[PDB]
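Participant: Opening piece of the complex, as it sits:
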Amino acid sequence: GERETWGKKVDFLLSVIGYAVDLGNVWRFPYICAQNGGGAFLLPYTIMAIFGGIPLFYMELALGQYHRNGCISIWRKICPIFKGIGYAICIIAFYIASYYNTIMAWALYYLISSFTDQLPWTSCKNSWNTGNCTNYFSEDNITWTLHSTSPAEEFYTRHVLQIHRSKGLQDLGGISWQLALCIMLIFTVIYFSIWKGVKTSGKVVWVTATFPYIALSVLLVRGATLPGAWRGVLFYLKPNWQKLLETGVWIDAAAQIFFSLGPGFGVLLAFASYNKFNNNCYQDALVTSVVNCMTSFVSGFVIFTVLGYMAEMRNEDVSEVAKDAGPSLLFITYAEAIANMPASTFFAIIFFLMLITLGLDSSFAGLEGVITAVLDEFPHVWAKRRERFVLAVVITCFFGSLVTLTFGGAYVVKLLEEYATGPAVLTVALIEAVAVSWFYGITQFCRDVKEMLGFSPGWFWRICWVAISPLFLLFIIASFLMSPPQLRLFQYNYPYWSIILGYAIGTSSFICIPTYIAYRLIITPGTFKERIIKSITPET
Amino acid sequence: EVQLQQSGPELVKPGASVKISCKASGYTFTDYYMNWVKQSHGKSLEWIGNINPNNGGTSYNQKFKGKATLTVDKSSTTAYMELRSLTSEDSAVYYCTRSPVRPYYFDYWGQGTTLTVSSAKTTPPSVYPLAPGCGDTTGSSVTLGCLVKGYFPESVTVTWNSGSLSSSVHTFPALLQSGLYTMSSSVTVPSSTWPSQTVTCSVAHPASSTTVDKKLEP
């Protein structure tokens, strides 16, 4: 008869926040904020939120709580031809889950290796270090060479990732069994948090979403107590208003607030589906996003205080110590800074645990949206048991992550995250933004909000959904397609054909949306105007 | 025995290009960044940019972006710097210096390369001997000397008897006038070696490749 609901408002109120907050909030925002105007990056970061991010977040969050349908069945009630979107996202998810979990696997392997009294990445007398390995608490006067490496860089590169055993994308096999066991434990800890439905995913989030703020607080007062930490904050907040003249940093801010907010994917749709009909949507979206940004903001300090201390211990120019913009900023730089602090075991355990709890909530929701849609599209054909479907998804993602668990797995992570998944999620998000605003009608949407909340949404939001948001996504998509960034990772430049592979994976994700449009266009009898009329008008 | 041997002086017309070499020896060439420092006449040092010999990892200065191009050859361990669109400001002494990654100091430098960007014709120097008169009072030491008049650019070397001996030679800086340089040299030798032995001054001009030797005669 009817579907389930939430156990408490706070459970989903923290579930959506837990999905929104992840690793990128911690480390992607501080770097891009430091190199694009410093504190002045705060100005375009908010403008792209109020006009781009918040309208998509709220508009996405409203439809779910109004229609109470999955990512697939909701299109049958809006624009059946666009039902392929609900499938596209599914395929998209299969790609996303192929790498997003492996990162956590790395953190887990770093956590289980942090139970030793002497942390592995402090000394160089290990079984994986080379002759270039030079650590501290060693002879003074040491001078760095073009070939010299640090015990942290050696530990990440040659032990956990083991990327020295592959020559690139061409030859990357085989699979590392350690990270396979790690990602199995992770795929097990997400199973028991989803298999029961929204009951456990609203209860497990209590831990996964609150721990990172505590850990960030400890790391904050720690990095604030470190000598010479003001340099990282200065480099973090130094206004460079000339960056605002470049048309690039605005696109960077737009993309950053889009992926951090994460609209258009059906996760917010599914989370909103299980909720009260008369429940407020405005305040929910507002609070959650503003926290997601604030959390990024304080995370900036959490990183740059420690990196400032690292620049003080070395010789300044935080850009030099923060050259690498990736996991290496956390797994090498930040970790090496942790190793040189008292109670290093503590600050390592809580750090990697923080990473894992940062990732878990987003993977809970990440799967939750797809599971919800599929069950809603194939009801009671499906839903006979939930644990069965959730297990069938988790295992598929595990076999889908074996390509990422290889020695040259990080390369595939970059390729899929930047050349494949990204432009496809932006594309399908653009398709949704166009469909809801220009097909279903923005006036009827404001009428639905007027039904739930009791009042029609303001003109400020209507004018955003009509024009501001679709142009907001269009600008980012066009900016990427016009000039895809040259990929580089660990002194290795990607081949020229990488963009061909990424686009191949990207297009293969939404091959379902136009072919489904052709499907319904080929299924409905009569004239094409009557078929597109039964395809544009919701089900009678 | 870390040695960085650069190329000789270069005289080029404005608007042309010039390439300077840098042969390295005495260390692992693939271990250190190779840098180029520009020093103007009477001015301070000015870091142009570095290059990673392993892959040619260049890192230029914002002030020299599009002005200098750094290359490297591992087969012969030699670095190169090319300058295009040469003007009067480029006429300076250029060095190539070795440097580690951290701390970024310049441990070993090259001998330098005197670059002259001008359209003036390469003029051979006129070597005229400056011998003391026959009416002077020969005391404990006589002062000899040679004169160089009219040459371009500032690229000249005046030696004395293959560098033996030169414990009292005073060399005066060249003066530029009407597009030609003019300098002079002197040497204070005791009265127990003149005019007994052979004292001959050598004037070399690498720009015109002309070496004129003149012996002093009282």
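Facilitator: Great, that's in hand. Residues are numbered from 1 along each chain as shown, chains lettered A, B, ... in the order given.

Participant: Minimum distance to chain A, which residue of chain B gives it?
Facilitator: At 4.0 Å from chain A, residue B:102 is the closest residue in chain B, using CB to the nearest CB. Bear in mind the C-beta positions are built from the backbone N, C-alpha and C, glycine included.

Participant: Isn't that residue up against residue A:142?
Facilitator: No. Using CB atoms under 8 Å, residue B:102 is not in contact with residue A:142, being 9.4 Å away.

Participant: quick one: contacts for the residue of chain B closest to chain A?
Facilitator: If you count contacts by CB atoms under 8 Å, 6 or more residues apart in numbering or on different chains, residue B:102 has them with A:143-144, A:314-315.

Participant: any idea how far residue B:191 is from the residue in chain B sticking out farthest from the centre?
Facilitator: In chain B, the residue that sits farthest from the middle, by CA atoms, centre = their mean, is residue B:135; the gap is 38.8 Å. Distance, residue B:135 to residue B:191, using CB to CB, to the nearest Å: 15 Å.

Participant: Also residue B:96?
Facilitator: Taking CB to CB, one finds residue B:96 at 46 Å from residue B:191.

Participant: quick one: which of these two has more around it?
Facilitator: Taking other CB atoms under 10 Å in any protein chain shown, residue B:96 and residue B:191 do not tie; residue B:96 has more neighbours (30 against 12).

Participant: which residue sits closest to that one in space, ignoring its chain neighbours?
Facilitator: residue B:22 (3.7 Å; CB to CB, 6 or more residues apart in numbering or on different chains).

Participant: what about the one you found, is that helix, strand or coil?
Facilitator: Secondary structure for residue B:22, judged by DSSP: H, G, I helix; E, B strand; the rest coil, is strand.

Participant: Spit out the contact partners of it.
Facilitator: With CB under 8 Å, 6+ apart, residue B:22 has these contacts: B:4-6, B:34, B:78-81, B:96, B:110.

Participant: likewise residue B:134?
Facilitator: With CB under 8 Å, 6+ apart, residue B:134 has these contacts: residue B:218.

Participant: and the nearest residue to residue B:6 once chain neighbours are set aside, how far is that from residue A:136?
Facilitator: Sequence neighbours aside, residue B:110 is the residue nearest to residue B:6 in space, at 4.2 Å (criterion: CB to CB, 6+ apart). Using CB to CB, residue B:110 is found at 34 Å from residue A:136.

Participant: Extend the structure above with chain C:
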Amino acid sequence: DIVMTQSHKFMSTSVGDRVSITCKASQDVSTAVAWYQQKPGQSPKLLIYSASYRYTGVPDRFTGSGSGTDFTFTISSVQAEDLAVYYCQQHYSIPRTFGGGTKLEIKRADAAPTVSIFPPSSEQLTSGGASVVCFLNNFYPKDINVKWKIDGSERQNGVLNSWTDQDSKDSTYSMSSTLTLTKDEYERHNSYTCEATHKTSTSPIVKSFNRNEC
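Facilitator: Same chains as before, plus chain C:
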């Protein structure tokens, strides 16, 4: 970028005195300052790195101190061969900038300028010119007046004064006054005379010669 400001472009010291050069940077530098020595006519030579640390092959008399923006390079016992231009350079932020440079001149006792006049050689007379030369060797300081006299009249046209850099053995300057003239005018005068006024003595040193085959 970073602006390394050396306020004192020139500093005077004596053999054996304690000399210290200051270096002012734009922003805070921590301990990323290098001190280089460039002798006149040679390439720069690294002396100090990271504020205080000495490089291999550097005497113990050269020290370094400072931590932040103002830095000091200290020499305890100044030698005659310590005559060079000193540069400070930051090595933290890209790009690496340098200081203005402090030419360290050595102060000593006065010295009498040995003046030596020379008649134009025959090789120059063949080409068709004649330049009387007046050399001023071993004196201190640099400030010294040079007056020419062809035949008692103070000659001022065609006189070029060339001051050399300080010496690295006895710290004595040297200059050359050149009187370039034509052959036709040279063969119309006999006894040339150049005189130099210095602070060592009130009477200017006067040198003269005759053209009539010395």
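
Participant: Chain C added, so what about the contacts of residue B:134 now?
Facilitator: Contact analysis of residue B:134 by CB under 8 Å, 6+ apart lists B:218, C:213-214.

Participant: circling back: how much space between the closest residue to the residue farthest from the centre of chain B other than its chain neighbours and residue B:133?
Facilitator: Nearest residue to residue B:135, sequence neighbours excluded (CB to CB, 6+ apart): residue C:214, at 4.2 Å. Distance, residue C:214 to residue B:133, using CB to CB: 3 Å.

Participant: Output the contacts of residue B:134 as CSV; include the columns distance to residue A:497 and neighbour count.
Facilitator: What follows is the contacts of residue B:134, written out as CSV (distance: CB to CB, whole Å; neighbours: other CB atoms under 10 Å in any protein chain shown):
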residue, distance to residue A:497, neighbour count
B:218, 82, 13
C:213, 89, 8
C:214, 87, 13
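
Participant: which SS state does the residue farthest from the centre of chain B fall under?
Facilitator: Following three-state DSSP, the label given to residue B:135 is coil.

Participant: residues in contact with it?
Facilitator: C:209-210, C:214.

Participant: Give the intersection of the neighbour lists for residue C:214 and residue B:133.
Facilitator: Common contacts of residue C:214 and residue B:133 (CB under 8 Å, 6+ apart): residue C:119.

Participant: Just confirm residue A:407 contacts residue A:168, I think it does.
Facilitator: No. Between residue A:407 and residue A:168 there is no contact under CB under 8 Å: 10.6 Å.

Participant: Spit out the contact partners of residue 207.
Facilitator: Chain wasn't specified; assuming chain A. For residue A:207, the contact set (CB under 8 Å, 6+ apart) comprises residue A:357.

Participant: actually chain C
Facilitator: C:115-117, C:134, C:193-195 are the contacts of residue C:207 under CB under 8 Å, 6+ apart.

Participant: Just the ones in strands from those, please.
Facilitator: Residues from the contacts of residue C:207 lying in strands, with DSSP state E as the criterion: C:115-117, C:134, C:193-195.

Participant: tell me which of those is nearest to residue C:202?
Facilitator: Within those, proximity to residue C:202 (CB to CB) peaks at residue C:195, which comes in at 12.6 Å.

Participant: What's the local residue count around the closest one?
Facilitator: Residue C:195 has 19 neighbours, counted by other CB under 10 Å.
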